[PDB]
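Q: How does the following fold in three dimensions:
(one chain, ligands or ions: 3)
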Amino acid sequence: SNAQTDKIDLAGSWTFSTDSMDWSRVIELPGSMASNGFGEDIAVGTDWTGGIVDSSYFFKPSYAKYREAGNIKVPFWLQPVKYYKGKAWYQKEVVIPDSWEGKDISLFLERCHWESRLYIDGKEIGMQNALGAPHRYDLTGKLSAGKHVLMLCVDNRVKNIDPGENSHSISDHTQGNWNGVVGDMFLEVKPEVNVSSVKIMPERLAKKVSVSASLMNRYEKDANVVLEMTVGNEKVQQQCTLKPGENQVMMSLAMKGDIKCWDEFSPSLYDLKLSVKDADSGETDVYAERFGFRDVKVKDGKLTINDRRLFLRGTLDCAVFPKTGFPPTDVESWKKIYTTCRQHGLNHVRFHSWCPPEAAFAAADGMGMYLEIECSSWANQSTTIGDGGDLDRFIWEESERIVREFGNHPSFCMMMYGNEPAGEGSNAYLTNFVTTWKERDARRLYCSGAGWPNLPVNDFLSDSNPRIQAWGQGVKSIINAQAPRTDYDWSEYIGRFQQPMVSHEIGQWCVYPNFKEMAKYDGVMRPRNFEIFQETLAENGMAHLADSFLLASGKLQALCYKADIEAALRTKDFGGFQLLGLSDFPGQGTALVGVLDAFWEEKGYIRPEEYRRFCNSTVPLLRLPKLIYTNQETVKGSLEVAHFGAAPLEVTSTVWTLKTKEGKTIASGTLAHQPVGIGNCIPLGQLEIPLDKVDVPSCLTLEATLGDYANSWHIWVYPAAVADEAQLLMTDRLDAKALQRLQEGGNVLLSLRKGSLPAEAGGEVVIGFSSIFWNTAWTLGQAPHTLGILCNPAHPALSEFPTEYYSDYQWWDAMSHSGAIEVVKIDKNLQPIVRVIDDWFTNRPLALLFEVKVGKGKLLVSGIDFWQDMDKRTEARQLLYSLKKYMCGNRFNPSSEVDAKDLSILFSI
Ligand SMILES: O=C(CO)[C@@H](O)[C@@H](O)[C@H](O)CO
Ligand SMILES: [Cl-]
Ligand SMILES: [Cl-]
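A: Numbering: from 1, shown residues only. Ligands and ions are numbered 1, 2, ... in the order given. Coordinates below:
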């Protein structure tokens, strides 16, 4: 029966108009125009908000069917149901009680997009233009008792202030340039002496709580007030005199008992109550907020929380919410995201060029997540920062709004201006920005911007260099250019700095689109891009491979993230990393770089428990120089641990096992070591495993268990050391000797020299071992163009080559010494022995191995070069042996007949 009589909830039906003349429709708030079905239909000439790097949609004939009216499908991001970028008017009648007359009145709008102007009965009151903070209007003396008509004019266009066309606060890459009001919307009444805002400053070691409160005195004379502050059983009361207007009082509170600190492993929170009581009127205004005791500091060039060494395992949030476009303002929505993040072993979230609503901070407070917030800007491409533009003052005002609203949350641990800044005066601007904030508020750590610039005044550094795949690196990266290994780290680069460093947007490994998730898009955003990819896949006769492409490419994607994350954990005294990402990025051409979809939900190729094995607060790490051995070699490696738990791990023993796929233990041992303290690169022991007893070509799993934490790695062991040119002819060209053998009915193995495959037959496909980087649209075709392999292990051609249906490290040699053959240009019904998964933008049937029948003879075609450096390629010799034993065997009968001249497309002069 209790009610909130001091507020008037404004959520409901508003009279709507896009020209302030036609008021024939009604809109529902909270919500956008798009979430209400209002706006214009998506057309080719839609004035989007964000860059489009690959413009093939507008010009190439393959997108012609998607440029016609009635079938507009856009490939570069999720497509909203409607679009509108301009002024919109919202109107609603309210009834102000008599008891509100002459009192403190204010309007609260949690999220507008973008600029809002308030009118009371046609009289303009003021303007608000916050992107990542609420809109507030002081209505004291401006709103009398009785019926009144509130009107809002919300403008979502980019005008004087361009924060960056790709900023996730406005851009159609993720959140979309919506128009409306979202979140809590209410009128609030307060006594003539009230609390406007509170800055909470807990002192962990001093056992104190300091508060700088902004008090309001609506009287025209001085006011005698009583100020009571309560934190649990501790109370401090204070009587002072308030001058007319705003007042800045500062109070302290001593904590008698022990203080429970806030961190990843124990997110303890305290309740603060601050009340002000006017002595004349007896009216009391009460303010309440949660807070936590924690100190995130840089001690001796290393990140610490509460004097404990800290390591950040983070992922990005780019305001992706396809159900609504605009962000959710409930705690449960964010509780889900933080929960699945922690389920994958993460403790950190970076918000890319936008600030989330209050619920994201409150959820992270109880979860113990470390948040890094940015000020709604990616000042590049379209604009610039630090050159005297209107953006310069906006970022200052936006950061002050963000710290005033959310600065008391313990999860607010780091802050930057935004992402990847541009501007000749941006270094100077960001230097003043970081320096001033470090002086204003020491409750958090500050960095200039994400990715760059490294300023000496930064608390920590954000750098993109310490990662596997750099922009433009392509096939020259470690994962692609060198044989598999797990003994590399970034310790050399980060050793050049006296500041802690956090990786910037690591991973970016792609998966094939998951068409099953298309049913989840029942809201504002529709996956029309997925509809294009799915249609072209079917047009190339591969509609039945959609789920296999998802699972096979996802197994390879998860392998790449494991490699990137373990490389960061092997870097001594690394500050941390920020994944891009755990979830998908639906924009910038379609950057499917996550093991979770745009809804932070699972896809089905890696379980969070398996992700948590290599990405966790305590992770065993194995350093091996290679992963391909013979029965005459000895596995020589080292075992270490990256332990960043709440306390040292009281374990003096590590147990390792080398087991087969069936579970049989080939080797095992126990490593003795001292108790594990907080840090990484902590040695556990050395491994020296002879492999003479390993029979047959085998894939072995090396698992290491430290206490409750276990991690595993794969190695492949082959024999140390089926051919007679009469029976099997292997050649690089279909010459006279090869064509004669096929006329005679013999068997021929065609192995193409690497680089000899002409562009017509698939030479244009730059094949590599890793997954695609970001996406070939945004990168304008950076290598690789492939997404792993797809094969049937039960195929007799692979009987001597251990493998699953998906790509793994033993396939690095195949992907690195080959070209992908476009088999449709030979015969459209050709079934590959080992298929290559092509980029989803092209959906070309690709193959590394296939077989055809040329007359009476049988031909096995291989895009893999089985010629060069075969003494160093142990895994290539094994695959070649498996093929030769198959061809000389009983079950080599190619059914697809083809002519000799049809195969001439594999050669050029
Ligand atoms: O450099 C990067 C990495 O953030 C790209 O986002 C840009 O180069 C875009 O291609 C600019 O359009
Ligand atoms: Cl031979
Ligand atoms: Cl054909």
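Q: So the residue in the stretch 451-600 of the chain that ligand 2 sits nearest to: helix, strand or coil?
A: Scanning the stretch 451-600 of the chain for the residue nearest ligand 2 gives residue 483, at 25.4 Å (criterion: CB to the ion). C-beta: built from backbone N, CA, C; applies to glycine. Of the three states, residue 483 takes coil under DSSP: H, G, I helix; E, B strand; the rest coil.
Q: From residue 561, how far off is it?
A: 20 Å (CB to CB, to the nearest Å).
Q: More neighbours: the two, which one.
A: Neighbours around residue 483 and residue 561, counted as other CB atoms under 10 Å, are more numerous at residue 561. The numbers are 26 against 17.
Q: Assumed that one was part of a strand.
A: No - Residue 561: not assigned to a strand; according to three-state DSSP it is helix.
Q: ok now do it, which residues does it touch?
A: 507, 509, 579, 595, 611, 615 (CB atoms under 8 Å, 6 or more residues apart in numbering).
Q: excluding its backbone neighbours, what's nearest residue 379?
A: For residue 379, ignoring the flanking residues on the chain, the nearest one in space by CB to CB, 6 or more residues apart in numbering is residue 385 at 3.6 Å.
Q: what's the neighbour count on that neighbour?
A: By other CB under 10 Å, the residues close to residue 385 number 26.
Q: element containing it?
A: Following DSSP states H and E, one finds residue 385 outside all helices and strands.
Q: Residue 376 is in contact with that one, correct?
A: No - with contact defined as CB atoms under 8 Å, residue 385 does not count as touching residue 376 (12.0 Å).
Q: what do those two both touch?
A: Taking CB under 8 Å, 6+ apart as the criterion, residue 385 and residue 376 both touch residue 418.
Q: mind checking how far the residue of the stretch 451-600 of the chain closest to ligand 2 is from ligand 1?
A: Distance, residue 483 to ligand 1, using CB to the nearest ligand atom, to the nearest Å: 29 Å.
Q: Could you do residue 248 as well?
A: 42 Å.
Q: mind listing what residue 696 touches?
A: No contacts exist for residue 696 under CB under 8 Å, 6+ apart.
Q: So it belongs to a helix, correct?
A: No - counting by three-state DSSP, residue 696 falls outside a helix, being coil.
Q: from here on, count from 20
A: In the new numbering, first residue 20, that becomes residue 715.
Q: Ramachandran angles for it?
A: phi 70, psi 160 (degrees, to the nearest 10).
Q: give me phi/psi at the residue sitting furthest away from the middle of the chain?
A: Here the chain reaches farthest from its C-alpha mean at residue 763, the gap being 58.0 Å by CA atoms, centre = their mean. In terms of degrees, to the nearest 10, the main-chain angles of residue 763 are phi -80, psi -10.
Q: Quick one: residues contacting it.
A: 875-876.
Q: repeat that with 7 Å
A: residue 876 (CB atoms under 7 Å, 6 or more residues apart in numbering).
Q: Residue 860: how many residues sit nearby?
A: Neighbour tally, residue 860, other CB under 10 Å: 22.
Q: just residue 632 next, same as before
A: Neighbours of residue 632 (other CB under 10 Å): 17.
Q: Spatially nearest residue to the residue of the chain found nearest ligand 3, not counting backbone neighbours?
A: Going by CB to the ion, ligand 3 is nearest to residue 847 of the chain, at 4.1 Å. Leaving out its chain neighbours, the residue that sits closest to residue 847 by CB to CB, 6+ apart is residue 560, at 6.7 Å.
Q: And residue 316, by the same measure?
A: Setting aside the residues directly before and after it, residue 316 is nearest to residue 323 in space (CB to CB, 6+ apart), at 5.5 Å.
Q: so how far is residue 663 from the one you found?
A: 11 Å.
Q: Need phi/psi at residue 867.
A: Per degrees, to the nearest 10, the backbone of residue 867 is at phi -100, psi -30.
Q: List the contacts of it.
A: 833, 837, 839, 853, 855, 881-883.
Q: coming back round to it: neighbour count for residue 323 and residue 663, which is higher?
A: Neighbour count, other CB under 10 Å: between residue 323 and residue 663, residue 663 has more, with 23 against 16.
Q: is it true that that one touches residue 695?
A: No - using CB atoms under 7 Å, residue 663 is not in contact with residue 695, being 10.5 Å away.
Q: now the strands for the stretch 370-519 of the chain?
A: 389-393, 431-435, 464-466, 480-482 (DSSP state E, counting those that start in this stretch).
Q: For the second one, which outside residues touch it?
A: The one in question is strand 431-435. Residues from elsewhere that reach strand 431-435, judged by CB under 7 Å, 6+ apart: 315, 380, 389-393, 425, 463-469.
Q: Let me know the angle separating that strand from strand 389-393.
A: When axes from the mean of the first three to the mean of the last three CA atoms, to 10 degrees is applied, the directions of strand 431-435 and strand 389-393 differ by 30 degrees.
Q: Tell me the gap between strand 431-435 and the middle of its chain.
A: Distance, stretch centre to chain centre, for strand 431-435: 18 Å (CA atoms, centre = their mean, to the nearest Å).
Q: Figure out the helix or strand that the residue nearest to residue 316 lives in.
A: Judged by DSSP H and E, residue 323 forms part of strand 321-324.
Q: which other helices and strands contact that strand?
A: Packed against strand 321-324, as judged by 3 or more CB pairs under 7 Å, 6 or more residues apart in numbering; DSSP states H and E, are no other helices or strands.
Q: can I get the CA coordinates of that strand in PDB?
A: Taking C-alpha atoms only, strand 321-324 is exported to PDB below (Å, rounded to 0.1, in the frame of the first residue of the first chain):
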ATOM      1  CA  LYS A 321      52.000  -2.600 -11.500                       C
ATOM      2  CA  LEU A 322      48.300  -2.600 -11.200                       C
ATOM      3  CA  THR A 323      47.000  -3.300  -7.700                       C
ATOM      4  CA  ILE A 324      43.600  -3.400  -6.000                       C
END
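Q: Can you pick out the ones from the contacts of residue 580 that are in helices?
A: Judged by DSSP state H, the contacts of residue 580 include residue 630 as members of helices.
Q: of all the contacts of residue 580, which comes closest to residue 94?
A: When these are compared for distance to residue 94 (CB to CB), residue 528 wins out at 20.3 Å.
Q: Roughly how far does that closest one sit from residue 501?
A: For residue 528, the distance to residue 501 - CB to CB - is 17 Å.
Q: Nearest to residue 446 among the contacts of strand 431-435?
A: Out of the contacts of strand 431-435, the member with the shortest distance to residue 446 (by CB to CB) is residue 467, at 8.0 Å.
Q: Chain neighbours aside, what residue packs nearest to the closest one?
A: Per CB to CB, 6+ apart, closest to residue 467 is residue 449, 3.9 Å.
Q: In three-state terms, how would the closest residue to ligand 1 within the stretch 770-919 of the chain be classified?
A: Nearest residue of the stretch 770-919 of the chain to ligand 1: residue 797, at 6.1 Å (CB to the nearest ligand atom). Counting by three-state DSSP, the backbone at residue 797 sits in coil.
Q: give the contact list for it.
A: Contacts of residue 797 by CB under 7 Å, 6+ apart are 72-73, 607-608, 610.
Q: Please name the nearest non-neighbouring residue to residue 281.
A: residue 311 (3.2 Å).
Q: Kindly report the same for residue 898.
A: Nearest non-adjacent residue to residue 898, counting by CB to CB, 6+ apart: residue 820, 5.0 Å away.
Q: Contacts only, for that neighbour.
A: Contacts for residue 820 (CB under 7 Å, 6+ apart) come out as 716, 897-898, 901.
Q: Just say helix, strand or coil for it.
A: Once three-state DSSP is applied, residue 820 turns out coil.
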